[PDB]
Undergrad: 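Okay, here's the structure, questions in a sec.
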Amino acid sequence: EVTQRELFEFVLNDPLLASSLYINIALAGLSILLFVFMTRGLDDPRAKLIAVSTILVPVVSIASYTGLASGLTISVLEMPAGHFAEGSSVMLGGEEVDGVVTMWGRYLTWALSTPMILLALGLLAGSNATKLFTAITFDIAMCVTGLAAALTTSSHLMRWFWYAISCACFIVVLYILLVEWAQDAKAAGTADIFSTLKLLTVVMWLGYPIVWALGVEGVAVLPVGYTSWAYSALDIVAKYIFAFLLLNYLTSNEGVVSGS
Amino acid sequence: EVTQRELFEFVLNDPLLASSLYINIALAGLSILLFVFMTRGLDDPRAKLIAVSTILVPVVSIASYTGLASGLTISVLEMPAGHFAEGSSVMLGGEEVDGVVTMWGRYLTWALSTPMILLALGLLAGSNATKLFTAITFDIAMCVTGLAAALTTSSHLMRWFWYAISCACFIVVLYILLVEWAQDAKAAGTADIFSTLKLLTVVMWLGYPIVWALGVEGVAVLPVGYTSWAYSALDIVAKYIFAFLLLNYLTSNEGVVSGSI
Amino acid sequence: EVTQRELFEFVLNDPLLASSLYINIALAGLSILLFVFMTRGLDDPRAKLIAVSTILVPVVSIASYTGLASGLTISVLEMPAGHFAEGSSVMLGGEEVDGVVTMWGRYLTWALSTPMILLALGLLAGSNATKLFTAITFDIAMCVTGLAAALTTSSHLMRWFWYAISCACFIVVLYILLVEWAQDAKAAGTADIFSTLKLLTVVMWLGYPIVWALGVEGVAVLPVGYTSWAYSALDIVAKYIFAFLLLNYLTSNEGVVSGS
Ligand SMILES: CCCCCCCCCO[C@@H]1O[C@H](CO)[C@@H](O)[C@H](O)[C@H]1O
Ligand SMILES: CCCCCCCCCO[C@@H]1O[C@H](CO)[C@@H](O)[C@H](O)[C@H]1O
Ligand SMILES: CCCCCCCCCO[C@@H]1O[C@H](CO)[C@@H](O)[C@H](O)[C@H]1O
Ligand SMILES: CCCCCCCCCO[C@@H]1O[C@H](CO)[C@@H](O)[C@H](O)[C@H]1O
Ligand SMILES: CCCCCCCCCO[C@@H]1O[C@H](CO)[C@@H](O)[C@H](O)[C@H]1O
Ligand SMILES: CCCCCCCCCO[C@@H]1O[C@H](CO)[C@@H](O)[C@H](O)[C@H]1O
Ligand SMILES: *C/C=C(C)/C=C/C=C(C)/C=C/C1=C(C)CCCC1(C)C
Ligand SMILES: *C/C=C(C)/C=C/C=C(C)/C=C/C1=C(C)CCCC1(C)C
Ligand SMILES: *C/C=C(C)/C=C/C=C(C)/C=C/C1=C(C)CCCC1(C)C
């Protein structure tokens with residue numbers, strides 16, 4: 001029975017792990033302060049909705065990363081027969097424990113933050129309610145089935161079946177970003193900025209399922225420490241710089257996005 | 001003590017249980033493909049909202065049933081003194097384990113899918129936001145208190161108290177379906193189709209608390225495998241057939257439901 | 001180790017704890033009946049939306065208190081080194097068990113009920129969607145980070161860090177309540193009733209983080225039983241009397257909240 005304290009201490013004493021986590025807690029906090037400063041001039045309710053949705057991204061990130069750092073949202077799971085990480089062991093407390101240190105808490109970071117990123121993008125693109133609803137519901141389904149895949153230890157094949165379902169949901173979100181909102185942004189007069197944020201988002205988001213496949217959750221070419229840093233690097237771009245670019249535009253183009 | 005693998009293997013090797021779960025994974029998948037194909041011609045935003053809300057039903061179902069088949073959302077619980085399934089055994093891994101294989105994952109299938117069924121129906125009936133909000137919130141309360149009932153092992157009476165709270169929430173949903181939306185559909189011009197789907201929905205949904213009461217969660221006249229098939233059969237009609245019928249109407253009457261979201 | 005039945009019995013057989021839980025189950029139930037009766041004459045859809053949102057408060061409360069009374073949402077946690085409740089015992093069943101009985105179920109009562117309180121108040125004040133969204137999202141964040149604080153056992157300081165994050169989110173909600181909705185209510189013609197409900201909400205809500213700090217979750221000057229009654233008393237006011245007052249006004253001013 002691994003304790004929360006043992007996982008908290010495990011993160012510590014492990015350079016790659018501890019740094020990938022605490023650096024994001026710090027960047028998330030600094031991002032929030034910066035973004036609040038940047039948007040104090042906004043008055044339009046719609047511009048402010050986009051701003052708050054955007055600021056909620058680093059808010060969810062600081063809370064969720066603290067969930068990981070504290071050990072609260074970390075568990076030790078034993079992979080099923082055939083899985084590349086099956087047979088692995090980790091030193092926890094004063095004994096060797098079978099399994100993999102599983103940072104399932106990252107899925108909470110994703111399920112709560114990705115909907116805010118999508119809401120901000122859709123509002124920016126002048127999306128109607130149907131498309132926002134579709135993008136957000138399928139995005140949440142993608143995140144939850146991804147968590148289910150990571151939490152499945154009964155069967156190797158089942159883990160990848162979950163992965164396939166999640167990818168299917170991801171395709172829906174990608175279609176809306178690349179095809180529908182890309183067109184809607186033209187009518188909203190935000191075609192240029194949306195194009196930039198869209199490219200950034202699509203490229204970075206595609207990185208997550210790749211890291212999943214290569215990291216300990218997948219074929220394990222990337223160890224627990226590198227897997228964590230891979231995800232943390234993606235978050236810095238998909239969340240913090242994405243948010244800065246969006247807000248930097250918003251604070252200089254409040255008139256453009258003002259509306260009902 | 002009991003592992004996910006042991007539960008996964010228990011489901012496999014158990015013909016009734018295995019089939020009740022995997023057949024729905026298959027039917028939900030085929031439903032998604034069929035529904036996406038059927039609705040490819042839709043252009044109106046409101047019509048498309050009704051379409052996506054309906055399609056989300058089998059999407060939630062396939063994911064949720066995978067949760068059950070994989071063993072992820074199944075647990076072994078020991079019923080409280082006096083419960084008709086108290087003292088049951090299950091044989092897992094290789095030994096006899098006290099308790100009942102509890103497929104609590106079904107409550108997730110319900111909590112995430114029923115709001116979508118209701119959203120689709122409310123929109124079809126031309127419901128205002130107040131009634132949709134009321135129907136959906138009490139519907140979620142119904143499924144969550146139902147899950148709590150199944151997860152309660154401390155007291156037999158408590159299990160049924162949760163069941164009673166859930167039933168009361170169910171009454172709110174039934175009232176909205178039978179009284180409010182029944183009338184709203186006439187103004188929306190969808191009276192014939194809504195009344196039909198309203199009736200099909202009410203009849204099938206009534207089956208769930210009956211199965212709960214008769215199954216292993218209740219008086220246990222229905223063993224685990226039979227309780228599972230009862231729910232899976234209800235799901236096939238309340239979800240897949242229901243959705244197929246709604247989409248059939250939708251794709252031939254886009255203009256009728258078109259308008260401001 | 002500790003079973004649900006053992007926690008269920010711990011609550012029973014303890015006059016203080018049992019009364020603090022079962023009384024609210026009774027009051028919540030009676031409140032639902034009373035409120036439904038009180039609002040049976042409403043016809044306006046906007047007024048009805050405010051009424052349902054309000055009625056959901058005691059609905060969530062009766063379900064959540066049943067979660068606690070049944071033992072379903074209670075756990076036994078061992079506090080970290082430095083915590084004032086470290087090395088505590090309880091006697092679960094008939095044995096001496098290390099740790100403190102943690103009624104984390106209360107956070108569920110809060111995360112699901114507070115958004116409904118805020119939705120009702122925001123609508124009464126004639127708030128736009130942006131402010132409602134901001135108040136509700138940060139309110140949920142406050143509740144979830146508070147839950148995380150209570151569930152954290154890896155570090156004593158980590159618990160207070162979660163507490164700090166939660167307080168920051170609370171300030172956002174307080175700002176909207178005290179500054180923004182105070183103004184909106186004037187234009188909506190509900191300034192007088194809002195002032196009353198606003199005052200009651202702010203004063204009562206401020207009490208929760210105080211009880212947290214003083215109870216077993218914090219410095220532990222208040223035993224498990226007194227911590228429970230403190231929250232239960234706050235709930236009676238922040239929920240039931242608050243709801244009654246709002247509904248009493250609502251039914252007497254249906255036309256004003258309707259708009260036209
Ligand atoms: C395993 C779960 C995966 C299910 C994937 C099916 C989702 C179908 C969503 O509908 C489609 O959404 C597009 C973007 O909004 C519309 O352009 C298109 O017309 C509509 O048909
Ligand atoms: C429609 C959803 C698709 C998921 C299909 C999952 C079924 C895979 C079952 O695998 C088998 O399980 C046995 C018992 O655990 C092992 O002994 C055996 O070695 C393994 O190969
Ligand atoms: C609306 C549906 C009706 C549900 C009725 C539920 C009745 C079940 C009561 O349980 C029994 O209560 C006794 C006293 O508390 C216990 O001594 C006994 O062990 C326990 O099994
Ligand atoms: C809608 C379904 C109705 C549910 C009815 C549940 C009744 C359960 C009856 O069980 C019995 O209760 C006795 C106490 O009264 C116990 O002493 C006895 O051991 C127990 O077996
Ligand atoms: C408002 C609804 C609240 C439900 C309250 C349920 C109380 C039922 C208490 O039953 C008793 O519990 C003891 C401890 O487990 C058993 O030893 C005893 O045999 C059993 O009869
Ligand atoms: C630990 C997380 C705490 C971070 C809190 C910062 C969130 C910033 C929310 O934006 C602010 O909301 C106010 C009320 O709506 C507006 O009056 C103000 O103009 C706007 O800038
Ligand atoms: C702040 C975090 C962000 C933007 C996270 C994005 C995550 C994804 C796009 C994840 C996608 C996945 C799949 C498509 C397949 C299964 C595994 C996942 C969950 C990694
Ligand atoms: C796809 C699943 C559907 C349509 C499920 C519907 C479920 C219900 C109507 C459940 C109702 C219940 C009660 C009213 C009492 C307590 C037990 C439940 C949860 C089975
Ligand atoms: C019905 C319940 C109500 C109105 C609950 C309100 C709760 C709060 C305002 C809680 C606030 C907290 C903090 C600000 C800090 C950390 C701990 C909490 C969760 C108790």
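Chain A is the first sequence line, chain B the second, and so forth, proteins listed ahead of strands; every chain is numbered from 1. Counting starts at 1 for both ligands and their atoms, following the listed order.
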Undergrad: Can you tell which of C/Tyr208, C/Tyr231, C/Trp212 gets a heavy atom nearest to atom 5 (C) of ligand 9?
TA: C/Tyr208
Undergrad: Do any pairs count as a side chain to side chain donor-acceptor pair (under 3.5 Å) and have a residue in residues 26-44 of chain B, sequence neighbours left out, and if so which ones?
TA: B/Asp44-B/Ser258
Undergrad: With a 4.0 Å cut-off on heavy atoms, is C/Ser113 in contact with ligand 9?
TA: yes
Undergrad: Which of the atoms of ligand 9 are close to C/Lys239, meaning less than 4.0 Å from one of its heavy atoms?
TA: 1 (C), 2 (C), 3 (C)
Undergrad: I need the contact type for C/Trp205 against ligand 9. Using non-hydrogen atoms and a strict under-4.0 Å cut-off, is it side chain, backbone, both or neither?
TA: both
Undergrad: Of all residues at least two apart in sequence or in a different chain, which pass the side chain to side chain contact (heavy atoms under 4.5 Å, CB included) check with C/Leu245?
TA: C/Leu197, C/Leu200
Undergrad: Examine distances only and state if a side-chain atom of C/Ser61 and a backbone atom of C/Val57 form a donor-acceptor pair shorter than 3.5 Å.
TA: no
Undergrad: Just to verify, what does C/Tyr107 make a ring pair (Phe, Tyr, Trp, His ring centres under 6.0 Å) with, not counting sequence neighbours?
TA: C/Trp110
Undergrad: Could you tell me which atoms of ligand 9, counted from 1 in the order shown, lie closer than 4.0 angstrom to a heavy atom of C/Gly146?
TA: 19 (C)
Undergrad: When you look for heavy atoms under 4.0 Å from ligand 1, do you find them on the side chain of B/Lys48, its backbone, both, or neither?
TA: side chain
Undergrad: What atoms in ligand 1 come closer than 4.0 Å to a heavy atom of A/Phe138?
TA: 4 (C), 7 (C)
Undergrad: Between the side chains of C/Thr109 and C/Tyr231, is a donor N or O closer than 3.5 angstrom to an acceptor N or O?
TA: no
Undergrad: Give the atom numbers and elements of ligand 1 that come within less than 4.0 Å of a heavy atom of A/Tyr175.
TA: 14 (C), 17 (O)
Undergrad: Specify whether C/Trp181 and C/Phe194 have parallel, tilted or perpendicular ring planes, treating 30° as the upper limit for parallel and 60° as the lower limit for perpendicular.
TA: perpendicular
Undergrad: Using a strict cut-off of 4.0 Å, indicate which atoms of ligand 1 neighbour a heavy atom of A/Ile176.
TA: 14 (C), 15 (O)
Undergrad: Before giving the answer on side chain to side chain donor-acceptor pair (under 3.5 Å), spell out for C/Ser232 and C/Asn24 the whole-Å C-alpha distance, their side-chain angles and the decisive distance to 0.1 Å.
TA: CA-CA 7 Å; C/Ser232 287; C/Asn24 276 166; 3.3 Å; yes
Undergrad: At less than 4.0 angstrom from any atom of ligand 2, which residues have a non-hydrogen atom? List them by chain and residue number.
TA: A/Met158, A/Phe161, B/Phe8, B/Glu9, B/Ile25
Undergrad: Applying the side-chain contact (heavy atoms from CB on, under 4.5 Å) test to B/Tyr22, which of B/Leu68, B/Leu27, B/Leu12 qualifies?
TA: B/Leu12
Undergrad: Are side-chain N/O atoms of C/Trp104 and C/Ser75 paired as donor and acceptor at under 3.5 Å?
TA: yes
Undergrad: Of the backbone atoms (N, CA, C, O) and the side-chain heavy atoms from C-beta on, which set of C/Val57 has a member under 4.0 Å from an atom of ligand 9: side chain, backbone, both, or neither?
TA: neither
Undergrad: Taking heavy atoms and a distance under 4.0 Å, where does C/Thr114 meet ligand 9: side chain, backbone, both or neither?
TA: side chain
Undergrad: Please classify the A/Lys131 to ligand 1 contact at 4.0 Å (heavy-atom distances, strictly less than): side chain, backbone, both or neither.
TA: neither
Undergrad: What are the atoms of ligand 9, with element, lying closer than 4.0 Å to any heavy atom of C/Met142?
TA: 8 (C), 9 (C), 11 (C)
Undergrad: Considering only heavy atoms of C/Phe170, which atoms of ligand 9 have at least one such atom less than 4.0 Å away?
TA: 9 (C), 14 (C)
Undergrad: Does either side chain, that of C/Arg106 or that of C/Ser228, offer a donor lying less than 3.5 Å from an acceptor on the other one?
TA: yes
Undergrad: For the pair C/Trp212 and C/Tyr163, name the ring-plane relationship: parallel under 30°, tilted 30 to 60°, perpendicular over 60°.
TA: tilted
